[PDB]
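Colleague: Quick note, the sequences are listed as chains A, B, C, D, E, F, G and H, same order.
If you read the first sequence in the UniProt record's numbering, its first letter stands for residue 6, the second for the next number, and so on.
If you read the second sequence in the UniProt record's numbering, its first letter stands for residue 138, the second for the next number, and so on.
If you read the third sequence in the UniProt record's numbering, its first letter stands for residue 2, the second for the next number, and so on.
Using the UniProt record's numbering, the letters of the fourth sequence map in sequence onto residues 549 to 636, 641 to 647.
If you read the fifth sequence in the UniProt record's numbering, its first letter stands for residue 72, the second for the next number, and so on.
If you read the sixth sequence in the UniProt record's numbering, its first letter stands for residue 2, the second for the next number, and so on.
If you read the seventh sequence in the UniProt record's numbering, its first letter stands for residue 2, the second for the next number, and so on.
Using the UniProt record's numbering, the letters of the eighth sequence map in sequence onto residues 19 to 53, 58 to 80, 85 to 210, 217 to 280, 303 to 510, 520 to 562, 567 to 576.
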Amino acid sequence: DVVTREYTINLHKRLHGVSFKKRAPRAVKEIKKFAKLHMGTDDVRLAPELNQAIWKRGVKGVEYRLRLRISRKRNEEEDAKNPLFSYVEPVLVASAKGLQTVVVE
Amino acid sequence: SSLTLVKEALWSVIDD
Amino acid sequence: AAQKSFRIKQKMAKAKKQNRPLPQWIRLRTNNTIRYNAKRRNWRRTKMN
Amino acid sequence: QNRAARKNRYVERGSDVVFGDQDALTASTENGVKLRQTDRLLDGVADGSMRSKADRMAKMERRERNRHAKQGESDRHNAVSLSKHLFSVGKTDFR
Amino acid sequence: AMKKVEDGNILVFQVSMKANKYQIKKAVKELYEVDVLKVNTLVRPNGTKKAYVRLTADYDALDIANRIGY
Amino acid sequence: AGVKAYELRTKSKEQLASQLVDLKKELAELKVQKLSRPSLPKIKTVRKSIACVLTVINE
Amino acid sequence: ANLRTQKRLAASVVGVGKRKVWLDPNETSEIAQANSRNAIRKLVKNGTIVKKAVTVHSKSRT
Amino acid sequence: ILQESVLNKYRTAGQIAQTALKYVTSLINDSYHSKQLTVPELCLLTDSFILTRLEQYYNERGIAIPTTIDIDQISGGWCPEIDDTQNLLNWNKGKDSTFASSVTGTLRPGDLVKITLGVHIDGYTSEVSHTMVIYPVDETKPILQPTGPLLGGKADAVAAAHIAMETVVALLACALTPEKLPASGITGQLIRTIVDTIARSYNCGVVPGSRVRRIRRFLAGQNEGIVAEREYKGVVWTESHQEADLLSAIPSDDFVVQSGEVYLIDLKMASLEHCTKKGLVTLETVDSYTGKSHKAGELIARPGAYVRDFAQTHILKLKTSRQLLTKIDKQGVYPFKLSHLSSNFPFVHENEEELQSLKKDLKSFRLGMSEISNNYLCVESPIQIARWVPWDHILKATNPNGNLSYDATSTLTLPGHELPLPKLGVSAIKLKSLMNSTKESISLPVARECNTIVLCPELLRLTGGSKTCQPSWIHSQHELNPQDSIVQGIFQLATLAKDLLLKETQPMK
RNA sequence: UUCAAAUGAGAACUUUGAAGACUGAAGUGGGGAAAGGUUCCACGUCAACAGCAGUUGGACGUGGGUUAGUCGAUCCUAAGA
């Protein structure tokens with residue numbers, strides 16, 4: 006249930022034909038969609054570092070491929086819905102080309 | 138009417 | 002402005018001392034008809050010339 | 549690190565043991581005023597029961613003005629019944 | 072005002088609109104038995120007159136503040 | 002409460018002036034309390050006693 | 002909380018604009034306790050508020 | 019827990035209080051009874071003495091209670107400074123002869139002087155007090171033991187104080203042994225019963241502030257009216273208990311005293327030789343406002359002791375205030391004066407120039423305390439006078455809202471949300487109104503006795528003793544009704560104490 | 001425009017931080033005249049208003065604040081009255 010995995014995401018085909026002043030927020034929403042698909046939890050917490058990685062080349066220059074670490078976790082809160090939540094971090098690597106998804110200890 | 142009864146008893150005790 | 006005359010400043014001071022709501026111990030009075038201040042003023046709503 | 553950590557920990561003064569758990573000495577006044585600040589609304593009224601009485605009465609009388617959507621007790625913009633200019641080839645008075 | 076006491080050895084009074092610096096000096100010297108260095112006056116937005124009164128270094132404003140009561 | 006005009010009418014001029022000065026001092030002493038407490042009713046009595054004394058003097 | 006007054010006062014004290022001055026988000030209650038320029042100076046020296054050195058404008062190309 | 023470290027600290031805190039009590043009782047006899059010092063001059067000298075003694079022995087250590095000298099009406103709080111002596115005169119200049127002793131500082135004959143003080147070391151504290159009495163001198167006698175015993179209601183009061191003190195001492199001594207008690217094991221029920229019947233025998237009612245309670249480190253009951261606590265086992269006698277006794303938190307049932315514990319006794323008896331009738335015994339505060347009323351019986355004063363609520367914080371604009379707050383919070387949670395916080399206060403040598411140095415420091419400290427008090431950081435420990443109200447006014451009263459009247463502009467909150475008598479639905483505000491609303495404004499004289507004890520097998524009485532609080536010999540009446548259960552038990556207790568073991572700490576020379 | 005945290009019953013709109021942009025010295029800057037008149041600042045604070053929202057506000061309630069021999073008026077005269 007509690008698991009961490011590396012993934013890579015193709016943002017090019019997800020942002021194909023999107024307004025320049027909407028491309029990066031759409032990348033945020035699509036990353037949340039990606040995490041919800043793979044893990045199956047609605048609450049998704051990005052890191053400000055991942056936000057920086059998306060917004061580095063501005064609204065209309067987001068990278069075509071990104072390398073993510075999705076870590077599912079418990080909610081230690083008093084009581085909440087979504088007893089689990091996903092937490093997405095960036096992986097800063099040479100280039101995200103040529104990789105596949107692997108589980109992490 | 139509890140205040141009535143307690144004031145009645147209190148009058149009773151203070152008058153004697 | 003900022004180089005007012007004392008007449009204007011005196012009128013302004015009267016207006017400041019008037020710019021209040023109504024006290025609460027007037028609600029509690031025998032035969033009280035007054036429930037609010039109908040001559041209340043605000044710099045943006047009405048100008049006092 | 550251990551030198552610093554052994555200097556770090558505390559002795560637990562008596563101020564803590566008394567007033568850590570406790571709070572609300574000289575509780576919240578209403579208008580957030582100090583001990584000597586001259587609150588006009590509530591100087592005359594001494595007791596809280598009649599203070600609440602007055603507040604409830606003000607909230608009761610505020611309603612018909614709040615229904616007419618005034619910005620306060622000072623918005624008395626009075627609208628006319630009819631405007632002359634709205635009723636009226642050559643020069644016209646509007647575009 | 073309370074800070075101005077220890078700051079500059081200064082008292083702060085509300086005085087009459089009809090008054091002036093000479094009368095304020097004379098009145099403080101008569102009532103509280105002190106020499107005054109200077110007086111500075113303003114008219115408040117609420118219509119009264121405020122007076123800052125700087126005393127000489129011989130006399131201390133703390134004593135007068137304790138003598139009055141505040 | 003306060004002073005009595007029939008009592009003051011017997012007094013002399015200097016006694017009256019001294020009483021006036023004392024009343025003024027008392028009123029000033031009350032006006033430093035009035036800024037800390039809102040309600041202070043003695044000020045009414047002394048403030049009217051001053052007027053009574055002045056009336057007697059002018060008489 | 003609301004550290005608007007504190008940011009304003011820290012700018013006015015350090016002698017820069019609000020765009021520079023920096024409030025560590027961890028010492029929020031310690032900053033919110035402050036309502037005076039002396040306290041803001043204490044927080045400036047202890048390392049709770051810093052200065053954010055200048056955004057550069059290089060002239061190598063020129 | 020009662021370790022050797024704890025109990026010897028209690029001992030050396032107690033006997034400092036004992037020798038300071040001897041010092042004051044020294045000085046007063048030097049001044050008045052012998053062939058003349060004022061109250062505030064006694065007080066700071068006593069505190070100087072206590073700190074000069076404390077320095078020799080021993085980190086948190088000092089004066090729990092600043093030395094309070096009540097006179098003839100005041101239940102507690104009177105302990106003024108040297109700042110305030112002319113202020114007291116020119117405030118009370120128009121009032122009448124009553125409170126002349128407290129106003130001027132010179133004590134009169136027949137003046138019932140209740141001294142009280144306390145000292146603490148690392149939170150382990152010891153309080154004490156003694157009601158002594160002035161009585162004029164013998165001049166034709168060679169030794170001049172002063173003439174006349176006391177006779178009236180004050181004598182009643184002193185008698186009830188001493189007898190209640192010894193009886194509760196003996197009760198808490200039998201707490202060790204589940205035997206050596208007349209069945210006529218120990219409870220606040222029994223304690224309140226025996227002290228109430230003593231008070232009723234001597235016709236001197238119990239004051240609301242009096243209590244008997246447990247103590248722990250830093251938690252004595254020094255304040256008892258301002259600061260709150262959940263864990264408080266002990267007994268009190270307030271207006272609620274008065275009305276309940278007329279009818280028929304501080305729980306009294308689930309309370310049986312145990313071994314290895316430290317307790318405070320503090321008994322206050324208000325005498326009734328007049329009053330004519332059944333009536334209530336409550337407290338009224340003393341303010342510095344001449345202008346709230348016209349009547350001459352009122353006292354006008356300023357309390358000297360403060361206490362600071364370490365839960366709150368607020369940056370001051372004023373350098374003097376911030377420095378004074380440093381000086382305060384480097385002291386402890388116990389009440390304090392402005393004279394205690396200073397440079398020359400212990401008076402290693404004593405002259406007029408050092409007193410002048412202290413006066414100047416005080417002139418600055420009052421400015422600091424102005425801002426420290428306008429913000430709710432420190433508060434005053436109030437000056438309370440005992441005042442009598444007959445039940446007639448209360449029962450004929452009209453309270454249009456009961457159980458809902460706050461007082462709303464009382465600053466402490468805890469004396470505001472009191473509800474002294476829940477039955478009849480009257481609060482402290484309307485009770486004050488009724489107390490003022492009558493020409494039967496009868497103020498009572500009060501006598502006070504305070505001790506500290508600890509239960510190990521013996522009762523180690525860290526205060527009191529015969530050197531300390533030997534009573535001024537008097538001539539009272541209503542001397543203890545025989546022919547009841549409880550009186551048989553009390554006399555058996557007094558006889559049986561002579562064998567139970569009561570250890571008592573002596574003063575230091 | 002975005003991300004996290006804090007606050008809070010509740011956060012697209014509040015606060016801090018982390019990013020991305022904009023005004024681009026004939027400014028979305030810093031000051032003033034006329035006019036306005038307390039709108040300035042603080043503490044509480046959400047019934048009505050801010051064409052969505054609102055824990056926020058130029059709102060609501062309570063206070064604080066404008067210190068001159070040297071800056072100005074005051075004085076001089078201009079067209080004129």
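Note that CB positions come from ideal geometry on N, CA and C, so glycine has one too.
#1: Could you check which residue in H:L64, H:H403, H:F399 and H:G179 has the C-alpha nearest to that of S411 of chain H?
#2: Are there 16 or more other CB atoms within 10 angstroms of the CB of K26 of chain F, so buried, or fewer, so exposed?
#3: Could you pull the start and end residues of the beta strand (DSSP E) that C504 of chain H belongs to?
#4: Quick one: what does DSSP say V311 of chain H is sitting in, helix, strand or coil?
#5: I need the boundaries of the alpha helix (DSSP H) containing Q438 of chain H, first residue and last residue.
#6: If you draw a straight line from the C-alpha of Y93 of chain E to the C-alpha of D106 of chain E, how long is it?
#7: Apart from the five residues on each side of it in sequence, which residues of its chain come closer than 6 Å, Cβ to Cβ, to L73 of chain H?
#8: Could you check whether the Cβ of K48 of chain C sits closer than 7 Å to any Cβ belonging to chain E?
#9: From the DSSP secondary-structure annotation, give me the bridge partner or partners of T9 of chain A.
#10: Strictly below 9 Å CB to CB, what residues from chain C border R647 of chain D?
#11: So, using beta-carbon positions, are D47 of chain A and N80 of chain A closer together than 7 Å?
#12: For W26 of chain C, decide whether its Cβ has a neighbour in chain D, counting only Cβ atoms nearer than 7 Å.
#13: Do the region 452 to 464 of chain H and the region 472 to 492 of chain H make contact, defined as three or more Cβ pairs closer than 8 Å?
#14: Are the C-beta atoms of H348 of chain H and some chain F residue less than 7 Å apart?
#15: Which of helix, strand or coil does DSSP assign to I95 of chain H?
#16: Out of curiosity, what's the CA-to-CA distance linking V145 of chain H and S563 of chain D?
#17: Answer with yes or no whether the minimum CB distance from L372 of chain H to chain E is below 7 Å.
#18: Secondary structure at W117 of chain H, three-state DSSP: helix, strand or coil?
#19: From what residue to what residue does the beta strand (DSSP E) around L337 of chain H run?
#20: Does any residue of chain E bring its CB to less than 7 Å from the CB of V33 of chain F?
#21: Please give the ranges of any beta strand (DSSP E) in the region 398 to 458 of chain H, keeping only runs that are unbroken, at least 3 residues long and fully inside the region.
#22: Where in the region 335 to 392 of chain H do unbroken runs of the alpha helix (DSSP H), each at least 4 residues long, occur, reported from the N-terminal end onward?
#23: Let me see if you follow: with CB-CB separation under 7 Å, is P39 of chain F close to chain D or not?
#24: Relative to chain E, which residues along the region 5 to 29 of chain C have a C-beta separation below 9 Å, given in chain order?
#25: Where do the ends of the beta strand (DSSP E) carrying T151 of chain H lie?
#26: With a cut-off of 8 Å on the beta carbons, I'd call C236 of chain H and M323 of chain H a contact; round off their distance for me.
#27: Name the chain F residues that come within less than 7 Å of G140 of chain E, Cβ to Cβ?
#28: Measuring CB atoms only, is the region 347 to 356 of chain H touching the region 440 to 455 of chain H, in the sense that at least three cross pairs come out at less than 8 Å?
#29: So who's on the other strand from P469 of chain H, going by DSSP bridges?
#30: Our contact map puts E338 of chain H next to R502 of chain H with C-beta atoms below 8 Å; I'd like the distance itself, whole angstroms only.
#31: Assign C236 of chain H to one of three DSSP states: helix, strand, or coil.
#32: By the DSSP assignment, the alpha helix (DSSP H) with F7 of chain C in it spans what residues?
#33: Is it true that the CB of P357 of chain H sits closer than 7 Å to the CB of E434 of chain H?
#34: Less than 6 Å between the CB of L197 of chain H and some heavy atom of the ligand ZN, yes or no?
#35: Taking only beta-carbon atoms, is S622 of chain D less than 7 Å away from chain C?
#36: Using a Cβ cut-off of 7 Å (strictly closer), state whether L589 of chain D contacts chain H.
Modeller: Looking at the atomic coordinates:
#1: On the eighth sequence, position 357 is the one that residue 411 of chain H refers to. That would be H:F399, whose Cα lies nearest to the Cα of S411 of chain H.
#2: Residue mapping note: residue 26 of chain F aligns to position 25 of the sixth sequence, counting from 1. Exposed, by the Cβ-count rule.
#3: Along the eighth sequence, read from residue 1 onward, the residue named residue 504 of chain H stands at position 450. Segment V500 to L509, the beta strand (DSSP E) holding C504 of chain H.
#4: Your numbering for residue 311 of chain H matches position 257 in the eighth sequence. Secondary structure at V311 of chain H: coil, using DSSP grouped into helix, strand and coil.
#5: Locating residue 438 of chain H in the eighth sequence gives position 384, counting from the first residue. Per DSSP, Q438 of chain H belongs to no alpha helix (DSSP H); it is in the beta strand (DSSP E), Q438 to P444.
#6: Your numbering for residue 93 of chain E matches position 22 in the fifth sequence. Your numbering for residue 106 of chain E matches position 35 in the fifth sequence. Rounded to the nearest angstrom, the two C-alpha atoms are 13 Å apart.
#7: Mapped onto the eighth sequence, residue 73 of chain H falls at position 51. So the qualifying residues of the chain are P400.
#8: The residue labelled residue 48 of chain C in the question sits at position 47 within the third sequence. With 7 Å as the cut-off, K48 of chain C does not count as an interface residue toward chain E.
#9: On the first sequence, residue 9 of chain A is found 4 positions in, with the first residue counted as 1. Paired residue(s): A:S76 and A:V109.
#10: Counting from 1 along the fourth sequence, the entry for residue 647 of chain D is found at position 95. Within 9 Å Cβ-Cβ: nothing; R647 of chain D doesn't reach chain C, min ~30 Å.
#11: For the purposes of this step, residue 47 of chain A is taken as the residue at position 42 of the first sequence. For the purposes of this step, residue 80 of chain A is taken as the residue at position 75 of the first sequence. For the 7 Å CB-CB criterion, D47 of chain A and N80 of chain A do not form a contact.
#12: Taking the first residue of the third sequence as position 1, residue 26 of chain C is located at position 25. Yes, its Cβ sits closer than 7 Å to a Cβ of chain D.
#13: Put simply, the region 452 to 464 of chain H touches the region 472 to 492 of chain H. At least three CB pairs are less than 8 Å apart.
#14: Here residue 348 of chain H corresponds to residue number 294 of the eighth sequence, with the count starting at 1. Taking a beta-carbon distance threshold of 7 Å, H348 of chain H counts as an interface residue toward chain F.
#15: As a position in the eighth sequence, residue 95 of chain H is number 69, starting the count at 1. It is a strand residue.
#16: For the purposes of this step, residue 145 of chain H is taken as the residue at position 119 of the eighth sequence. For the purposes of this step, residue 563 of chain D is taken as the residue at position 15 of the fourth sequence. Cα-Cα distance, rounded: 17 Å.
#17: If you number the eighth sequence from 1, residue 372 of chain H lands on position 318. So yes, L372 of chain H belongs to the interface.
#18: Translated into positions along the eighth sequence, residue 117 of chain H becomes position 91. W117 of chain H falls in the helix class under three-state DSSP.
#19: For this step, residue 337 of chain H is matched to residue 283 along the eighth sequence. Its beta strand (DSSP E) spans residues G333 to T339.
#20: Locating residue 33 of chain F in the sixth sequence gives position 32, counting from the first residue. For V33 of chain F, the answer is yes, since a Cβ of chain E falls inside 7 Å of its Cβ.
#21: With a minimum length of 3 residues, the continuous beta strand (DSSP E) runs that stay inside the region 398 to 458 of chain H are 438 to 444.
#22: Segments of the alpha helix (DSSP H) lying fully in the region 335 to 392 of chain H: 373 to 384.
#23: Counting from 1 along the sixth sequence, the entry for residue 39 of chain F is found at position 38. For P39 of chain F, the answer is yes, since a Cβ of chain D falls inside 7 Å of its Cβ.
#24: Under the 9 Å Cβ criterion, the region 5 to 29 of chain C contributes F7, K10, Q11, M13, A14, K15, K17 and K18.
#25: Taking the first residue of the eighth sequence as position 1, residue 151 of chain H is located at position 125. For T151 of chain H, the enclosing beta strand (DSSP E) covers residues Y150 to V159.
#26: Within the eighth sequence, numbered from 1, the residue matching residue 236 of chain H stands at position 204. Within the eighth sequence, numbered from 1, the residue matching residue 323 of chain H stands at position 269. Contact between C236 of chain H and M323 of chain H is confirmed by a C-beta separation of about 4 Å, below the 8 Å threshold.
#27: Numbered from 1 along the fifth sequence, position 69 holds the residue referred to as residue 140 of chain E. Contact annotation for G140 of chain E against chain F: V33 [CB-CB distance below 7 Å, chain order].
#28: In short, these stretches do not touch, since the Cβ pair count stays below three.
#29: The residue labelled residue 469 of chain H in the question sits at position 415 within the eighth sequence. The partner list for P469 of chain H (beta bridge, DSSP) is empty, contrary to what the question assumes.
#30: Counting from 1 along the eighth sequence, the entry for residue 338 of chain H is found at position 284. Counting from 1 along the eighth sequence, the entry for residue 502 of chain H is found at position 448. Between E338 of chain H and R502 of chain H a beta carbon distance of about 17 Å is seen, past the 8 Å cut, so the two are scored as non-contacting.
#31: Mapped onto the eighth sequence, residue 236 of chain H falls at position 204. For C236 of chain H, the secondary structure class from DSSP, reduced to helix, strand or coil, is strand.
#32: Position 6 of the third sequence holds residue 7 of chain C. Where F7 of chain C is concerned, the enclosing alpha helix (DSSP H) stretches over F7 to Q19.
#33: For the purposes of this step, residue 434 of chain H is taken as the residue at position 380 of the eighth sequence. For the purposes of this step, residue 357 of chain H is taken as the residue at position 303 of the eighth sequence. Taking 7 Å as the Cβ cut-off, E434 of chain H and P357 of chain H qualify as a contacting pair.
#34: With respect to small molecules bound, the structure shown includes none, and the ligand ZN cannot be examined in it.
#35: On the fourth sequence, position 74 is the one that residue 622 of chain D refers to. Residue-level contact by beta carbon holds for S622 of chain D and chain C, with a gap shorter than 7 Å.
#36: Taking the fourth sequence and counting its residues from 1, the one referred to as residue 589 of chain D is at position 41. Answer no: the Cβ-Cβ gap between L589 of chain D and chain H never drops below 7 Å.
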